[PDB]
Each structure stands twice: as C-alpha cells, then as structure tokens.
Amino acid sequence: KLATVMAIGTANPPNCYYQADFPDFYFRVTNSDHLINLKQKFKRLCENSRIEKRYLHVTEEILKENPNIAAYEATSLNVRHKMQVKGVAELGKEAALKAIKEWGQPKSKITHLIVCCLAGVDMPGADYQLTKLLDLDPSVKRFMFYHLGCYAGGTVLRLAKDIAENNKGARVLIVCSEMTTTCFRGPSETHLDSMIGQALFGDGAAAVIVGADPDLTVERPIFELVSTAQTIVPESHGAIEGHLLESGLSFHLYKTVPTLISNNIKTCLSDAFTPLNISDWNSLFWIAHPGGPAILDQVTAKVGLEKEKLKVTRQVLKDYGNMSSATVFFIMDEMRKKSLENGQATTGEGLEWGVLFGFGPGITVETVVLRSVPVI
C-alpha cells in the first residue's frame, strides 16, 4: 500500500503584484530610477518571465520603514528575520487548515509534521510554532527543514512516503511555506544574478496530507507516491547558490542552469521509469517545478514533450510566479481541479502514470513517480 496524497491546501500573501507594473514599482522603491539602462534589462526580464502576477509580503510601506531591505546590500537580517518568522507561520497555518478540511479527519489524527521553509531559522522552529498554532498533538513527530530551496517539494514527499509506509496508521501533515522577504533587495549592475530572483520569485504556502492505506469511507486519495529519487546533476557545481548573510539571503544563478537541468532530465526519467517498463515520456502527466520559463522550454524540447504537457505548470507560474518548494503542490492542486472540470478519468489529466520534479541548489533534482487515482 503506497503513501498517498489525500489533501492539498494553499495560501498566499494578500498583496498582489502584476508583473506588467513591477519594473516601475521595483525601481521606484529601491531608488534605482537613475539606472535607466539597468531598468531596461529588468523590464525585458519581467516581460519574458511568463509570470502575470505574484503575491508578496513586501509592501512599499515596509520598505519605507526598513530602507536597508531595499538596498542591494545593507545589514538587515534582523528586521527581515522578524517578518520572515512570523510570515511563514501565518501562511503555513492558513494552508494547513485548508488541507485538513479537505482531508476530512480531525487534526488529532495527525501523527507527523514536516515543515519546510526557504528561510526563517528559529529555535524552536516553524514546526513547533505550527504545532502550537494548529493545536496538534504535542507528541506529533516533527521534521523541520530550513534553507533547502526549490527542490524541496520532492524532498518532503520522499520523506513522507517512508514515514507513512513504515508506520501503520501514520498521517503526515506537510507544510512548505515560502516567503521572499529574506531575499528581497535592490538591483546591482555588477550582479545581474540577484535581479533575476526579484523578477521570478513569489510567496506562497502549500500543505498536504500523506498517508498509506486510506479509509475510503472518509479519506479521498489524489495521487499515489510510487518511488522517489534525488541526484546531483553532473558538472553543475556552483550553478545555483544561496548564502545567508547580514544583508539577508543572497541569490546566485549561472546562465547555464536551464541547459544543465534539461540535459539531465532524460537520465532521471530513465532511472525512474525503466524499472516500470515505461519509456514514452508523453504518456505521463507532468508536475515540474517552474524555476523559470527557459527551463520549461528546454525540458519540453529536449525530452520531446507535446506542447500542452506542461500546461498546468505554466499556468501556475503565470498566476503565482516561482514559489520555491511550495510550487509543485499548487500545480498538483490545479491539475486535479482542471482534470475534473475537463471530465477526465483520473486526477492526472486522465493518464495513469506521472512524474513530479523538484529542481534546486546542487544542482539537485528530486524525481517522484506518481500514480493518478480514478475519478468518476
């Protein structure tokens, strides 16, 4: 009996930022208007990001009250951290309550809690905070992950699968709460890397319930976790790095990232599906972390995917931007919603087998083989 995702809930900050208006907002609040040429590159960057809007905790008021955050590099960890710690917990609670509602069981049945946050280090951590906020059993077995990054959506499922399958009756609550307040910062002409993050990253939290052997009279399976794997892409050292400094979390990205990832995807697919006698990549439903539009385009081309294979993935990127580890769950959620609306036979666009990909620092690739569930 495979570990199964039985519920998904999501949340985002109330501040919506349309990408079409971001360049002006961003350069205005960071006092970079005098950098005309730099703003031209950023504008094109946003225009080609394939992101229509994002939800961010940051506001003009917050920046006015904390100018060191708006600076490309100024001591500001303490102020960022204060908001980061409070925000990840609040957003996480909202998503968790929505997942618990869909699950249909009382929260007292939750036996394990996995919390994943890009940033917001605290001791005790967000797992402790959420256990208190949600009033979970004090003996809930917790796992807290700080600073993993965008591949973590796969990491938490990999962990949840083993917990649920080795502990009879175990019901795992997963919460990936991502906030970019820790990394928001002004532009730098000598560091075009950081600028990319300012155009692609958005805030959001996703929560899911995972368990093996569902009680079908109350629980309702969405996707089954068949197998999981993690690997480091060859010759990718230093391509994606993040450092926690006195000025917050930094972001460094090689231009080779899309090429490095796309060129290795077929290897990940082969390792994951050969044991299952599957070789047709178009026969699978796809849930891939949208690091950027370039990555989706390259994966599609190199893998040989039909043009609409990553439709849901692209829709989430368009509607929310890159929300790090939480993103794949927003995609998972929308996929079963769209499948139902299209009257398809399974939660996976009517297909039986699928794959979920998490990409991040390493470069690390998390590969999760999924199985859809029948839909009436």
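The first residue of the shown sequence is 1; numbering continues from there.
In this entry, 265 to 273 has the higher mean Cα B-factor, the comparison being between 265 to 273 and 122 to 130. In this entry, 178 to 186 shows the higher mean Cα temperature factor of the pair 178 to 186 and 163 to 171. Listed residues 337, 53, 28, 311 were ranked by CA B-factor as deposited; 28 comes out on top. Listed residues 220, 107, 289, 252 were ranked by CA B-factor as deposited; 252 comes out on top.
Placement of the Cα temperature factor of residue 67 within the chain: highest third of the modelled residues, per the deposited record. Residue 319 sits in the middle third of its chain by CA B factor, as recorded in the PDB entry. Compared with the other modelled residues of the chain, the Cα B-factor recorded for residue 112 ranks in the lowest third. The entry lists a Cα temperature factor for residue 94 that places it in the lowest third of the chain's modelled residues. In this PDB entry, residue 282 carries a Cα temperature factor that places it within the middle third of its chain's modelled residues.
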